[PDB]
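Just below is one structure, and these are the notes that go with it.
Here the Cβ positions follow ideal geometry from the backbone for every residue, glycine too, while neighbour counts run over all protein chains shown. Values quoted throughout were computed directly from the atomic coordinates according to the rules given, and no laboratory measurement underlies them.
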Amino acid sequence: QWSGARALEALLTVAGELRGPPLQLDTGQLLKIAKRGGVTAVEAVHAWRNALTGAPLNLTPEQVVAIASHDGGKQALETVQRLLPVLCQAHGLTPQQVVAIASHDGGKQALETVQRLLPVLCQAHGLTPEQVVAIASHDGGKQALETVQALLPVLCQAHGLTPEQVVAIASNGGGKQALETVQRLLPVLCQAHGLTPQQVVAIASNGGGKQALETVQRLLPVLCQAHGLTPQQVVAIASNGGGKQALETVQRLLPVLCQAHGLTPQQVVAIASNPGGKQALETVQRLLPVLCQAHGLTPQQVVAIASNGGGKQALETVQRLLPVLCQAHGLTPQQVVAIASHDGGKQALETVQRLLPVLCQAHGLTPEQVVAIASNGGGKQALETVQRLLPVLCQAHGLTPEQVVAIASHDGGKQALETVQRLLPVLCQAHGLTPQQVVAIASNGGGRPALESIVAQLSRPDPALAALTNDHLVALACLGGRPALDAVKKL
DNA sequence: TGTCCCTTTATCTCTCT
DNA sequence: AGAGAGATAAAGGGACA
């Protein structure tokens, strides 16, 4: 037969019951768990399906999938049941944080290491818990914690890094590697290459920081003399998540892209200054003549689509979907370029293709309103959320559809919508704010934390905001959001 | 294979003026 | 509101017991 059938039979033999309460896992969730956690994760979920659902831990089903769908997810599950009370009580963390720590490869290690090392990190080095958690909240968190413990002193003192900087570095997959490599290369890159520490920190503060830093060290000279790049541009390529891959590729392709296709070096850096920038540069080299021919896309537009995270996915998706979107859905290509010119262009485009008729027919929106919603990072997330929430928002609350679209039409519009639904009653009913004001606060990027900040203050007043009326607090919220709301807490 | 660590990519949310 | 930055997810490899 096949070495895996006995395993898969066990997968489904259990899977059937997970569709029952308390979890009611759907095909999707179950796939996710089977795929990433393995057979032992799926059995673990089932075995402990009650223990971690209500009394005492009270996890949502989404939270249980979150923890179980990683390598060793079973171990993370047995560890969460053990340490979550301890961490929540003996260290003052919340449920959210613990789960966030648990939801990664080697989640048990990370949890156990937070338990063993949070006190010493928070005192002897004065890190805040929030910082101890951020460092923990990545694959291999255990290592980054131990490596932050070991190297925080030498990195602040012998190298001049602030604790904020040390944390930014560690709070990425392969965090230990990033730290150890900063130890070694930081003088070299500052003295030998004239980099400022803020830049070295910037490069190291992504996954594959180790590879990025090393590769900057190796190719910064080449790129600067022999290619006409400034150090500014080079750090940008390195610090943006494309890293090693993006740097190696730019060296390869910058000449070609400038020569054959008439791109400025500047246009080329913008394509690489994003996670997977290499995928983005190559795809451009393949598809720039294609999309500019049978379409009428200008290179500016093509560069624009390419100049975001997952530009390749964006460009490839534009190629497939442009006709059908223009022809069947009556979109101009300019609208099509607009939807694709953000991170996750692919998703926004696929989601518009699917949801544009339902948003218009069922909910009485204009295509313009659908493009506008879609023309932002996580547009897919905003579109699906408008669909779900636009009736309940403009039906009980009393919001206009124009208003809802204003909230949805910014990065994190899903967050801002879900948040407006939660907090509009209390803000209006309990603290006297008008709906138009709530919309105004949520009709900006960072809508969600803005709202939470202005509910924090009103509900549990800091006297340090005393001399400000509601309207004043609101004016701050619409201009600066959470940041402007707090800073004022420090005045 | 089970678990842990790491790198790359893609996506999503928030900040900063 | 556009550039920059941070957080979260997804996929897959090395490594080891």
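Observations on the model:
- Over chain A, relative contact order from alpha-carbon pairs under 8 Å, at least 6 apart, %: 5 percent
- The spacing between the stretch A:363-399 and the stretch A:184-226, judged by their C-alpha centroids, is 43 Å.
- Evaluated with a Cβ-only charge set (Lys, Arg +1; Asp, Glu -1), chain A carries a dipole of roughly 540 debye about its Cα centre, given to the nearest 20.
- Relative contact order of the stretch A:1-126: 20 percent, from C-alpha pairs under 8 Å at least 6 residues apart in sequence.
- Here the spin labels are modelled as points 7 Å beyond Cα on the Cα-Cβ line, and at A:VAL86 and A:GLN319 they lie 5.3 nm apart.
- The fraction of Cα-Cα pairs per 10 angstrom bin, counted from 0 for chain A, comes to 4, 15, 20, 29, 24, 8, 1, 0 percent, rounded to whole percents.
- Peptides A:166-177, A:323-334 ordered by packing proxy, namely the average of other Cβ atoms within 10 Å per residue, highest first: A:166-177, A:323-334.
- Prolate/oblate/rounded label for the stretch A:342-491 (Cα gyration tensor, a/c 1.5): prolate
- Pairwise centroid distance, computed over Cα atoms, of the stretch A:95-152 with the stretch A:458-491, Å: 32 Å
- Pairwise FRET efficiency - A:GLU164 versus A:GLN300, Cβ, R0 = 35 Å, nearest 0.05: 0.40
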